[PDB]
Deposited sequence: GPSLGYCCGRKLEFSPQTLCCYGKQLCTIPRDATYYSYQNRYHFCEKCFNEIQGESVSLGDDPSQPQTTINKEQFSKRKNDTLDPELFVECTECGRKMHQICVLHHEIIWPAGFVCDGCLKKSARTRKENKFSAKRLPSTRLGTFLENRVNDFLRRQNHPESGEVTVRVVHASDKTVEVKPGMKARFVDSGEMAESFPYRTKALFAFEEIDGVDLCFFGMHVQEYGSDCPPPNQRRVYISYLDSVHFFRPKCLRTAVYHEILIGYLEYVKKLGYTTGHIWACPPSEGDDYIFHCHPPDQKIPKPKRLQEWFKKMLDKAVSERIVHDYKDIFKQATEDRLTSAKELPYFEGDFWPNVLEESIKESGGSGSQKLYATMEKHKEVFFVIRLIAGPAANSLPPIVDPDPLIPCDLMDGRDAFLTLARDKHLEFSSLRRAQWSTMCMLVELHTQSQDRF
């Protein structure tokens, strides 16, 4: 081999199909049918009977194969078209679409005074936006002030933007929508953006984020609000000593930008994802740990405190204090975001109380206050006389980046891990190719 290392891809984590939020981890015993419907051992033996509803066809348990999630797929090699030398495709970052003529190794390149043809499928050449330019300018200006020899050029690209609506769930709908007290749905625009760092002339995707933006056309209570759906990272930014600062620069810049457009309030649900290796990026580095809730909360506070000192954020409060200042009385006054905690808990509260949308509201808000940040961007008289929000950036149709599920599925299907610098660089290269090609159609 090339680098003298025997390399294989790790067994991934699978869903178990007989419980929402159930997964089959690596090396665990499980049952599968047609390599499509997998069941963890516990969920399988708990099914009363030997019949399993799937899809809705009923399948017998003897048709299932008993397996352990221990399959190690070896890494692929590519062969130099001149040396015959076999090298890991990931080590040399050879992509057939980028260099269709074939793989020529570095040694054969030097022995002809030759360089690889320019990678036109780069992060920088992804279409720009006013938002992405604003963010990457902030990050790169910050990095240049640090004068650290290891920092590379950072690219920020918005890769998806589409119109969506969040639907009020049945319990809140029956309580408040059917009475005409609350809009049935709330229109918003979702945006997905990613940050890339050039390391040794090679792109590395190290940050990703999806947001929901509710414009001046949105009925209350969601008007002029932005909400972070999810944020994720791969911890290989160089230098490490500027990693946290760069994340904060992106988030503060996003808040600064939406404030300029006229959004008044930002919302953050500071809740770590469940333990696992996939959130936005597939197969995180094993030594990158998910922060515990208190540390994640302090991390967001540190970011927002800097935003306050920069006069970008006027102030921020937890949901409980914010409700108290706003003199809230009913759950219909709480902003209603897609996939957020509050729509789910309000369904429970109405059911538990026998049909009230106010009973446990303040107690529930106090119980979870430290997890929910309400960020005031525009305050005072200015927040009441604002012009309509007009976004100069166009819609970006990209089904791979409409939500986080599609990109995870592509990475799983093509072994695109972010578990090491070399694999993350390869997964970044493949991800950029997909983004450049899907758009060309």
Missing residue ranges, deposited sequence indexing starting at 1 | 1-5, 61-66, 453-454
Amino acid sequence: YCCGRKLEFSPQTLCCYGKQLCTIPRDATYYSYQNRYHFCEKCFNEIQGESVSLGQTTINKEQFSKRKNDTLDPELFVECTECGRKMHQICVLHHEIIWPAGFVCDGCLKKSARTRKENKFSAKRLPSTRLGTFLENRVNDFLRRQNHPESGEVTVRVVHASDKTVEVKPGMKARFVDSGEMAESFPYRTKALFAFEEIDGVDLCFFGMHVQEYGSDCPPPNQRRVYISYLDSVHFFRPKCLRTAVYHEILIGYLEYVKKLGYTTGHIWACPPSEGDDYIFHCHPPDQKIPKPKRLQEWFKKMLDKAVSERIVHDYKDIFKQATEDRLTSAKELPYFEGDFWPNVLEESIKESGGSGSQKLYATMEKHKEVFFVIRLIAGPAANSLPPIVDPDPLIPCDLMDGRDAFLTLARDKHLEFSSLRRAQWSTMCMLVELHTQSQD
From here on, numbers count along this sequence of modelled residues.
Taking the other compared entries of this protein, do a third or more of them lack coordinates for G403?
-> no
Is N35 unresolved, in the sense of carrying no coordinates, in at least a third of the other compared entries?
-> no
Of 326-334 and 91-99, the one with larger mean CA B-factor = 91-99
Check the entry's C-alpha temperature factors for 80-88 and 302-310, then say which stretch has the higher mean.
-> 80-88
Residue with highest C-alpha B-factor in the PDB entry, from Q146, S229, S112, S151 = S112
At the C-alpha atoms, which of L400, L395, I378, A28 reaches the highest B-factor in this entry?
-> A28
Tertile call for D318 (CA temperature factor, within chain, third-based) is the middle
Comparing against every modelled residue in the chain, figure out the third that the C-alpha B-factor of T428 lands in (lowest, middle or highest).
-> middle
Chain-relative CA temperature factor third for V104 = highest
Lowest, middle or highest third: where is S420 by C-alpha B factor in its chain?
-> lowest
Chain-relative C-alpha B factor for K117 (record values, thirds): the highest
